[PDB]
file coords_16.txt (compact mmCIF, C-alpha atoms and all ligand atoms)
# COMPACT_ATOMS: atom_id res chain seq x y z
CA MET C 1 116.21 131.25 109.47
CA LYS C 2 116.72 127.55 108.67
CA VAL C 3 115.51 127.01 105.13
CA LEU C 4 115.27 123.69 103.31
CA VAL C 5 115.09 124.10 99.52
CA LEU C 6 113.95 120.95 97.80
CA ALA C 7 114.67 121.39 94.08
CA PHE C 8 112.87 119.12 91.64
CA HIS C 9 114.29 119.29 88.14
CA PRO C 10 115.01 116.18 86.06
CA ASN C 11 118.32 117.58 84.83
CA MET C 12 119.78 120.42 86.85
CA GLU C 13 122.82 120.60 84.53
CA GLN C 14 120.67 121.24 81.46
CA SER C 15 118.37 123.57 83.41
CA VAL C 16 118.65 127.25 82.63
CA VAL C 17 116.32 129.07 85.04
CA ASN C 18 116.21 126.85 88.09
CA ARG C 19 119.95 126.35 87.86
CA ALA C 20 120.46 130.12 88.02
CA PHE C 21 118.08 130.40 90.96
CA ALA C 22 119.73 127.57 92.86
CA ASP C 23 123.20 129.12 92.29
CA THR C 24 122.33 132.20 94.32
CA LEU C 25 121.86 130.11 97.49
CA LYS C 26 125.07 128.00 97.56
CA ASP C 27 126.55 130.20 100.27
CA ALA C 28 123.63 131.79 102.04
CA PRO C 29 123.89 130.67 105.64
CA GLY C 30 120.75 128.90 106.81
CA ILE C 31 120.05 127.46 103.37
CA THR C 32 120.15 123.75 102.73
CA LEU C 33 119.78 123.28 98.98
CA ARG C 34 119.14 119.83 97.59
CA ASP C 35 118.86 118.42 94.08
CA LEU C 36 116.48 115.54 94.51
CA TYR C 37 116.66 114.03 91.02
CA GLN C 38 120.41 113.98 91.51
CA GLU C 39 120.20 112.25 94.90
CA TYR C 40 117.58 109.75 93.84
CA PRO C 41 118.30 108.95 90.18
CA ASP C 42 116.21 105.81 90.37
CA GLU C 43 113.50 107.75 92.25
CA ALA C 44 113.93 105.48 95.28
CA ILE C 45 113.40 107.95 98.11
CA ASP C 46 114.91 107.64 101.57
CA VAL C 47 111.75 108.49 103.49
CA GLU C 48 113.32 108.77 106.93
CA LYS C 49 116.10 110.96 105.58
CA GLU C 50 113.60 113.35 104.01
CA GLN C 51 111.42 113.42 107.12
CA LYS C 52 114.45 114.13 109.31
CA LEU C 53 115.51 117.04 107.15
CA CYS C 54 112.05 118.63 107.21
CA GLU C 55 112.13 118.28 110.99
CA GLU C 56 115.44 120.15 111.22
CA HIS C 57 114.40 123.24 109.21
CA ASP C 58 111.91 126.03 109.88
CA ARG C 59 110.80 126.60 106.30
CA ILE C 60 110.44 124.18 103.40
CA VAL C 61 110.68 125.42 99.82
CA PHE C 62 109.58 123.30 96.88
CA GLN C 63 111.42 124.50 93.78
CA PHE C 64 110.47 123.15 90.38
CA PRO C 65 109.59 124.08 86.83
CA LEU C 66 105.90 124.23 85.97
CA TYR C 67 105.18 121.09 84.00
CA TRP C 68 101.59 120.78 82.72
CA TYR C 69 100.52 123.25 85.40
CA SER C 70 101.93 120.93 88.03
CA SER C 71 105.37 119.77 89.19
CA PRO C 72 107.75 117.10 87.86
CA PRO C 73 106.64 113.64 88.97
CA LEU C 74 109.37 113.13 91.60
CA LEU C 75 107.76 115.78 93.80
CA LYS C 76 104.39 114.03 93.55
CA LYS C 77 106.11 110.79 94.58
CA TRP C 78 107.88 112.69 97.35
CA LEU C 79 104.57 113.90 98.80
CA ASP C 80 103.02 110.46 98.55
CA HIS C 81 105.93 108.64 100.10
CA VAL C 82 107.20 111.09 102.70
CA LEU C 83 104.02 112.65 104.18
CA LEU C 84 102.85 109.68 106.23
CA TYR C 85 100.24 108.93 108.88
CA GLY C 86 101.63 109.54 112.34
CA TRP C 87 104.24 111.94 111.05
CA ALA C 88 102.74 114.58 108.84
CA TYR C 89 99.11 113.91 109.70
CA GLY C 90 97.05 111.54 111.74
CA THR C 91 96.91 111.02 115.47
CA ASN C 92 100.56 111.67 116.27
CA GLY C 93 101.23 113.33 112.93
CA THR C 94 102.34 116.74 114.03
CA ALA C 95 106.00 117.00 112.92
CA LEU C 96 105.40 119.73 110.37
CA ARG C 97 102.81 121.73 112.24
CA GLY C 98 103.95 125.32 112.51
CA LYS C 99 106.65 125.25 109.83
CA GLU C 100 106.50 127.47 106.74
CA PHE C 101 105.67 126.06 103.32
CA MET C 102 106.38 127.82 100.06
CA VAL C 103 106.57 127.08 96.35
CA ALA C 104 109.11 128.51 93.93
CA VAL C 105 108.03 127.79 90.40
CA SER C 106 109.14 128.85 86.96
CA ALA C 107 106.77 128.94 83.99
CA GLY C 108 107.34 129.18 80.26
CA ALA C 109 104.27 131.25 79.49
CA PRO C 110 103.97 134.98 80.17
CA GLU C 111 102.28 136.35 83.29
CA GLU C 112 99.46 137.73 81.06
CA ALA C 113 98.47 134.14 80.28
CA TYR C 114 97.71 133.22 83.91
CA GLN C 115 94.44 135.06 84.56
CA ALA C 116 90.80 135.03 83.58
CA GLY C 117 90.74 136.43 80.06
CA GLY C 118 94.32 135.27 79.49
CA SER C 119 95.38 132.37 77.30
CA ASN C 120 95.82 129.95 80.20
CA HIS C 121 92.66 131.30 81.87
CA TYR C 122 93.61 130.73 85.51
CA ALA C 123 95.82 132.61 88.00
CA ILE C 124 98.86 130.74 89.33
CA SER C 125 97.21 130.73 92.79
CA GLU C 126 94.49 128.59 91.27
CA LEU C 127 96.84 126.16 89.56
CA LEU C 128 98.97 125.62 92.65
CA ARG C 129 95.99 124.74 94.80
CA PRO C 130 96.92 121.08 95.27
CA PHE C 131 100.10 122.23 97.00
CA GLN C 132 98.27 124.73 99.21
CA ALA C 133 95.78 122.07 100.24
CA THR C 134 98.72 119.81 101.09
CA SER C 135 100.17 122.58 103.22
CA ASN C 136 96.76 123.09 104.85
CA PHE C 137 96.34 119.43 105.78
CA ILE C 138 99.79 118.90 107.29
CA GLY C 139 99.72 122.00 109.43
CA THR C 140 102.21 124.28 107.74
CA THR C 141 101.78 127.98 107.02
CA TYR C 142 101.35 128.62 103.30
CA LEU C 143 103.51 131.53 102.12
CA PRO C 144 103.09 133.41 98.83
CA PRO C 145 104.88 131.55 96.06
CA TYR C 146 107.84 132.71 94.09
CA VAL C 147 106.88 132.69 90.45
CA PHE C 148 109.00 133.42 87.43
CA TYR C 149 107.32 133.79 84.08
CA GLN C 150 108.68 133.74 80.53
CA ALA C 151 111.20 131.21 81.79
CA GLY C 152 113.83 130.42 79.17
CA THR C 153 112.95 133.27 76.81
CA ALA C 154 113.03 136.27 79.15
CA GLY C 155 116.57 137.42 78.49
CA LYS C 156 119.99 137.37 80.11
CA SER C 157 119.55 140.35 82.38
CA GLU C 158 115.94 139.66 83.22
CA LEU C 159 116.95 136.20 84.35
CA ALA C 160 119.61 137.69 86.56
CA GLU C 161 117.13 140.09 88.14
CA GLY C 162 114.75 137.15 88.45
CA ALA C 163 117.40 135.18 90.32
CA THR C 164 118.14 137.94 92.78
CA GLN C 165 114.40 138.32 93.31
CA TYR C 166 114.11 134.61 93.96
CA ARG C 167 116.82 134.85 96.61
CA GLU C 168 115.18 137.74 98.40
CA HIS C 169 111.80 136.02 98.40
CA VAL C 170 113.05 132.71 99.75
CA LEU C 171 114.82 134.51 102.60
CA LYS C 172 112.07 137.06 103.24
CA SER C 173 110.19 136.98 106.52
CA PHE C 174 106.41 137.15 106.18
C1 LIG K 201 106.97 118.73 80.13
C2 LIG K 201 106.91 120.23 80.23
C3 LIG K 201 105.73 120.83 80.61
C4 LIG K 201 105.64 122.21 80.71
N1 LIG K 201 104.45 122.78 81.11
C5 LIG K 201 104.32 124.14 81.23
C6 LIG K 201 103.11 124.71 81.63
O1 LIG K 201 102.12 124.04 81.91
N2 LIG K 201 103.01 126.07 81.74
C7 LIG K 201 104.09 126.87 81.46
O2 LIG K 201 103.97 128.08 81.56
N3 LIG K 201 105.29 126.32 81.06
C8 LIG K 201 105.41 124.95 80.94
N4 LIG K 201 106.62 124.39 80.54
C9 LIG K 201 107.81 125.28 80.29
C10 LIG K 201 108.57 125.26 81.64
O3 LIG K 201 107.75 125.75 82.70
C11 LIG K 201 109.96 125.91 81.64
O4 LIG K 201 110.74 125.11 80.78
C12 LIG K 201 110.56 125.92 83.06
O5 LIG K 201 109.68 126.58 83.91
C13 LIG K 201 111.90 126.60 83.33
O6 LIG K 201 112.95 125.80 82.86
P1 LIG K 201 114.35 125.47 83.57
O7 LIG K 201 114.45 125.67 85.04
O8 LIG K 201 114.49 124.02 83.32
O9 LIG K 201 115.41 126.29 82.91
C14 LIG K 201 106.73 123.01 80.44
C15 LIG K 201 107.91 122.41 80.04
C16 LIG K 201 108.01 121.03 79.94
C17 LIG K 201 109.32 120.41 79.52
call {"tool": "encode", "arguments": {"input": "coords_16.txt", "output": "structure tokens", "more": "lines below"}}
Ligand SMILES: Cc1cc2nc3c(=O)[nH]c(=O)nc-3n(C[C@H](O)[C@H](O)[C@H](O)COP(=O)(O)O)c2cc1C
result
Amino acid sequence: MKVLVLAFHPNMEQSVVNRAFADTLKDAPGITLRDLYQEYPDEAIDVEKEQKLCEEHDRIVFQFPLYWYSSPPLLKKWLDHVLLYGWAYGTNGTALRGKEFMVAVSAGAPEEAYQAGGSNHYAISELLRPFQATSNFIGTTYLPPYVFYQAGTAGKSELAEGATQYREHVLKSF
């Protein structure tokens, strides 16, 4: 029901794919969409603010483009700075236990590339393992990701169908 979408794109105005995906949620009740590079242009994160928002939602969605098979660096900094002892883990660290955790990621390469025998050799499930392990450690339930391939070169209509598929997935109950 209550879904926090944390979008991590260095320039959401120049973005093509993630911008389109984000647009489909600007009116869905229950959705809190945020543009983190926009809110923290100097990457100085308000830890308590972030923590408090996670607390108030039932599902947390990390949305980003696939950059070198990982995320943009602000998400990495977000994990490091926000997920603290006594909050996310550790003795009292139980604030996220029970909440849902999912990744929505767009990739330039085709789906064919992400498999054994394909040009990138590994399935997306393999590449996203740091995020799944993060989920595992902090007590959240790891949901299947939303993945969009051929991002940027897939075509006008394909992108539109991709966007509507993104919306259904993010709102889907599992
Ligand atoms: C620095 C950088 C690294 C990238 N690394 C990958 C990658 O490892 N695998 C891949 O499929 N695409 C990669 N891409 C292409 C992006 O995934 C693609 O631009 C993005 O998913 C969708 O773009 P948009 O939301 O900004 O429109 C990379 C792009 C940039 C700029």
call {"tool": "closest_atom_pairs", "arguments": {"input": "coords_16.txt", "of": "stretch 5-68 of chain C", "to": "stretch 97-106 of chain C", "cutoff": "12 Å", "atoms": "only C-alpha atoms", "output": "JSON lines"}}
result
{"residue": "C:5", "atom": "CA", "partner": "C:104", "partner_atom": "CA", "distance": 9.3}
{"residue": "C:6", "atom": "CA", "partner": "C:103", "partner_atom": "CA", "distance": 9.7}
{"residue": "C:7", "atom": "CA", "partner": "C:104", "partner_atom": "CA", "distance": 9.0}
{"residue": "C:8", "atom": "CA", "partner": "C:105", "partner_atom": "CA", "distance": 10.0}
{"residue": "C:9", "atom": "CA", "partner": "C:105", "partner_atom": "CA", "distance": 10.8}
{"residue": "C:15", "atom": "CA", "partner": "C:106", "partner_atom": "CA", "distance": 11.2}
{"residue": "C:16", "atom": "CA", "partner": "C:106", "partner_atom": "CA", "distance": 10.6}
{"residue": "C:17", "atom": "CA", "partner": "C:106", "partner_atom": "CA", "distance": 7.4}
{"residue": "C:18", "atom": "CA", "partner": "C:106", "partner_atom": "CA", "distance": 7.4}
{"residue": "C:19", "atom": "CA", "partner": "C:106", "partner_atom": "CA", "distance": 11.1}
{"residue": "C:20", "atom": "CA", "partner": "C:106", "partner_atom": "CA", "distance": 11.4}
{"residue": "C:21", "atom": "CA", "partner": "C:104", "partner_atom": "CA", "distance": 9.6}
{"residue": "C:22", "atom": "CA", "partner": "C:104", "partner_atom": "CA", "distance": 10.7}
{"residue": "C:54", "atom": "CA", "partner": "C:99", "partner_atom": "CA", "distance": 8.9}
{"residue": "C:55", "atom": "CA", "partner": "C:99", "partner_atom": "CA", "distance": 8.9}
{"residue": "C:56", "atom": "CA", "partner": "C:99", "partner_atom": "CA", "distance": 10.3}
{"residue": "C:57", "atom": "CA", "partner": "C:99", "partner_atom": "CA", "distance": 8.0}
{"residue": "C:58", "atom": "CA", "partner": "C:99", "partner_atom": "CA", "distance": 5.3}
{"residue": "C:59", "atom": "CA", "partner": "C:100", "partner_atom": "CA", "distance": 4.4}
{"residue": "C:60", "atom": "CA", "partner": "C:101", "partner_atom": "CA", "distance": 5.1}
{"residue": "C:61", "atom": "CA", "partner": "C:102", "partner_atom": "CA", "distance": 4.9}
{"residue": "C:62", "atom": "CA", "partner": "C:103", "partner_atom": "CA", "distance": 4.9}
{"residue": "C:63", "atom": "CA", "partner": "C:104", "partner_atom": "CA", "distance": 4.6}
{"residue": "C:64", "atom": "CA", "partner": "C:105", "partner_atom": "CA", "distance": 5.2}
{"residue": "C:65", "atom": "CA", "partner": "C:106", "partner_atom": "CA", "distance": 4.8}
{"residue": "C:66", "atom": "CA", "partner": "C:106", "partner_atom": "CA", "distance": 5.7}
{"residue": "C:67", "atom": "CA", "partner": "C:106", "partner_atom": "CA", "distance": 9.2}
{"residue": "C:68", "atom": "CA", "partner": "C:106", "partner_atom": "CA", "distance": 11.8}
call {"tool": "atom_distance", "arguments": {"input": "coords_16.txt", "atom1": "atom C3 of ligand LIG 201 (chain K)", "atom2": "atom CA of residue C:120"}}
result
13.5 Å
call {"tool": "atom_distance", "arguments": {"input": "coords_16.txt", "atom1": "atom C11 of ligand LIG 201 (chain K)", "atom2": "atom CA of residue C:143"}}
result
22.2 Å
call {"tool": "closest_residue", "arguments": {"input": "coords_16.txt", "among": "C:85, C:107, C:151, C:160", "to": "residue C:138", "atoms": "all atoms listed in the file"}}
result
C:85
call {"tool": "residues_near_point", "arguments": {"input": "coords_16.txt", "point": "(106.2, 136.4, 106.5)", "cutoff": "10 Å", "atoms": "only C-alpha atoms", "output": "JSON, numbers by chain"}}
result
{"C": [100, 141, 142, 143, 144, 169, 171, 172, 173, 174]}
call {"tool": "closest_residue", "arguments": {"input": "coords_16.txt", "among": "C:53, C:147, C:109, C:123", "to": "ligand LIG 201 (chain K)", "atoms": "all atoms listed in the file"}}
result
C:109
call {"tool": "closest_residue", "arguments": {"input": "coords_16.txt", "among": "C:40, C:166, C:69, C:87", "to": "ligand LIG 201 (chain K)", "atoms": "all atoms listed in the file"}}
result
C:69
call {"tool": "closest_residue", "arguments": {"input": "coords_16.txt", "among": "C:154, C:12, C:25, C:163", "to": "ligand LIG 201 (chain K)", "atoms": "all atoms listed in the file"}}
result
C:12
call {"tool": "atom_distance", "arguments": {"input": "coords_16.txt", "atom1": "atom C16 of ligand LIG 201 (chain K)", "atom2": "atom CA of residue C:14"}}
result
12.8 Å
call {"tool": "residues_around", "arguments": {"input": "coords_16.txt", "residues": "residue C:76", "least_positions_apart": "3", "cutoff": "12 Å", "atoms": "all atoms listed in the file", "output": "JSON, numbers by chain"}}
result
{"C": [8, 43, 45, 62, 64, 67, 70, 71, 72, 73, 79, 80, 81, 82, 83, 130, 131, 134]}
